[PDB]
Amino acid sequence: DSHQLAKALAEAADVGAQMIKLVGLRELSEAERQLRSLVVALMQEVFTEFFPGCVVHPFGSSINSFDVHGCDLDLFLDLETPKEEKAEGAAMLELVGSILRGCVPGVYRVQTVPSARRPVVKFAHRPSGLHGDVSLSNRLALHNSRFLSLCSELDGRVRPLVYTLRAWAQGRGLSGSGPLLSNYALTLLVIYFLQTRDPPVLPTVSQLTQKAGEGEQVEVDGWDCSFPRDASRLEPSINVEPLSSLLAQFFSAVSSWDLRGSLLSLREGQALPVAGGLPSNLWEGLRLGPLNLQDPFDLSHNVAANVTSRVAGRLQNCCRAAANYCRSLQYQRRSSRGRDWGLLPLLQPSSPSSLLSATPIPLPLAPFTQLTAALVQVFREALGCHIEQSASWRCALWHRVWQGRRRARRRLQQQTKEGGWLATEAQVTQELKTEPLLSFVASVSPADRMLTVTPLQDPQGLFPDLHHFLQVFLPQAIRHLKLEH
Ligand SMILES: Nc1ncnc2c1ncn2[C@@H]1O[C@H](COP(=O)(O)OP(=O)(O)OP(=O)(O)O)[C@@H](O)[C@H]1O
Ligand SMILES: [Cl-]
Ligand SMILES: [Mg+2]
């Protein structure tokens, strides 16, 4: 596809046409949906044989309109009370597993996951080549999937935006299993972005809840899931901004936002100040961190709560870079013949140097001023860097200093047999030995305190080595400098 898709997007008229074509290409065909329906029908048959009156509800990527090729098939099986109710649940889970493993034909790789936040049973159907999860209870997943598809129905730009930004995110390494953003979290971030535009593209979940209607009220796990089943009773958006504009605006927005001190509410369509303690007092069980994104229904759940500060910072970095790219003429204007334009450089893999310079380096806690002073102390001395003027400095290195420190250290130890930090490391540095060999930039943001090291001039391409070496070296430096007190 990486060939076919590339030339397909290259031939498009404009950026919007590229995003639309991207949706058209990545989404499940009719045969894939028929196949998934077949599998769901089978699971339904067997589970019916076991649990009379049970209903297998497809949820997630399948029904939320954000479906892509090879996506998971997620199924929800609908059928003195202490913590034991957890154990009971687990039991039932295994029961379901034992049904999947030995009863329904052609399903293998059956793996019970009671340990997960939301308990689930992984499975793979062999003939269809499909895989996914059976959840005994996640009821909210249904309703917020319906909410996603409804959001797609509310504005036609939603699907192109979300598809493009998902592709970009997985291309920039912002989405995955680790403390990366989930596709659902990223989708909710896009929806939040669309809700926060000056004319709103999408309505808030509060407004949809108000829209409601008789009998359409629904409550799950003590949360209000009620929203209209169709978009016909809902007035359209007067925001006329074209797709490319909304994309650039996304990048710029999430790059300019304050994530640490903001819980992003899709319900109220607003940024609620985190510090101190305000949203935490209302809905208990809300874990706050580098990125805070509130579920539209369960308000005690931060969907991004898993994301580490390095990942959030990397997000904002990549978004600043992408916004900077969209400001160019390569993004706006098409190419005469064969050149990469518009969406292509965004969906193309990022250089290893950019790959590293996007994700910052976590530094020990310390006063911003004292920390920055410590850093310029570590670059000035203990490193051969010539330094000059969130705080940022331009640094120039004429030397190989990151490499061969071990040999100089050995030499200095045996020559110590002959006869705290800072200057002692500066010995190791200066004993390692006019256009600069490598010139780079070091930036420390207020929140969190982290160093973003980006290259300027790198003729021989040595920047990644310096970056990894600094990843190891700078925390040690700040550490011993903290221990001098
Ligand atoms: N990290 C999460 N926190 C809370 N709810 C989630 C999370 N991830 C997914 N969900 C809910 O359950 C569904 C899980 O689907 P899944 O884990 O397969 O991701 P997805 O959105 O379906 O995309 P994909 O299928 O490609 O992973 C989501 O659509 C959402 O309804
Ligand atoms: Cl903004
Ligand atoms: Mg899915």
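Think of each number as a place in line: the chain as shown, counted from 1.
Cβ atoms are placed via backbone N, Cα and C, with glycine included.
Taken from Swiss-Prot, the feature ATP binding site applies to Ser61, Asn144. Swiss-Prot lists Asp72, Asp74, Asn144, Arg166, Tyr184, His301 with the feature UTP binding site, giving experimental evidence as the kind of evidence. Residues annotated as Mg(2+) binding site in Swiss-Prot: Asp72, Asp74.
According to the PDB entry, the feature expression tag maps to 483-485.
Features as recorded by Swiss-Prot, highlighted on the structure.
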| residue | record | DSSP class |
| --- | --- | --- |
| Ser61 | ATP binding site | helix |
| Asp72 | UTP binding site | coil |
| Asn144 | ATP binding site | helix |
| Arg166 | UTP binding site | helix |
| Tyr184 | UTP binding site | helix |
| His301 | UTP binding site | coil |
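With respect to ligand 3, the binding-site residues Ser61, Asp72, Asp74, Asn144, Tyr184, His301 contribute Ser61, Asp72, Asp74 as residues with a C-beta closer than 6 angstroms to one of its atoms, given in sequence order.
Across the expression tag (483-485), DSSP classifies residues as 0 helix, 0 strand, 3 coil. Here the C-alpha separation of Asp72 (UTP binding site) and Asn144 (ATP binding site) works out to 17 Å. Here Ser61 (ATP binding site) is positioned 8 angstrom away from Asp74 (UTP binding site), judged by their C-alpha atoms. In this structure, the CA atom of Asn144 (ATP binding site) is 13 Å away from the CA atom of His301 (UTP binding site).
Gap between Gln389 and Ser390: 25 residues not modelled, C-alpha separation 12 Å. A gap of 34 residues interrupts the model between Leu79 and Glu80, whose Cα atoms are 22 Å apart. Taking the C-alpha positions, the distance from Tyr184 (UTP binding site) to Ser61 (ATP binding site) comes to 9 Å.
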